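Written below as structure tokens is the structure these notes are about.
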Amino acid sequence: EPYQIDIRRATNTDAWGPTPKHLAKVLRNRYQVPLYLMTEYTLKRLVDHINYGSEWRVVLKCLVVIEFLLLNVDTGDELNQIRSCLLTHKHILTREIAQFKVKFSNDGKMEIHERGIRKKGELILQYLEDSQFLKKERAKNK
């Protein structure tokens, strides 16, 4: 499906991204695709990825996509779907991401990337456990 294509593009193995253009395209799928399914697909791609030194990028980018959606979808239905999906699969964050090891990266900076992944995982858990924090960060974001 197009939303899956968009998410795949935004979470590719290139050494930069996802770009604002990538993210805006993902977001636009909400017009016809439930946010639950968009989130679920992103989580599926994440778990699947848990050139060897580039694979971790998919992991970090999936988390960035989840963060972006949390910050950018509308209150009500869209936000609630993302949150339900994440809560249902919460172990992905509390165990798989919290314990994720970047064994090898092409840039030799494995530790920075591993910290980045785990911090993004922590941040998502904070948003989920503290809706007032998410609200504040959604406001800062505009």
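What to note about this one:
- Within the shell defined by Cβ-Cβ distances under 12 Å, the residues around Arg9 carry a net charge of +3, with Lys and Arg each +1 and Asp and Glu each -1.
- Dipole moment magnitude, nearest 20 debye, the stretch 30-73 about Cα centre, only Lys, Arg, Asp, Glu C-beta charged: 80
- Helix-only mean residue ellipticity at 222 nm for the chain, each DSSP H run of n ≥ 4 adding -39500 (n - 2.57), per residue, nearest 500: -20500 deg cm²/dmol
- Within the stretch 9-38, backbone nitrogen closer than 17 Å to the virtual label 7 Å beyond the Cα of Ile112 toward Cβ: 14-18
- Cβ-based net charge around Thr75, under 10 Å, with every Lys or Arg adding one and every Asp or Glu removing one: -1
- Dimensionless Rg over Rh [the chain; C-alpha; Kirkwood]: 0.94
- Rounded to the nearest whole Hz, the Karplus-based 3J(HN,Hα) values (6.51 cos²θ - 1.76 cosθ + 1.60, θ = phi - 60°) of the stretch 126-142 follow the sequence 5, 4, 5, 8, 9, 5, 5, 5, 4, 3, 4, 6, 4, 4, 3, 4, 6, with x at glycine and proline.
Neighbour counts run over all protein chains shown; Cβ positions are idealised from the backbone, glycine included. Values in this text are rule-based calculations from the coordinates and carry no lab data.
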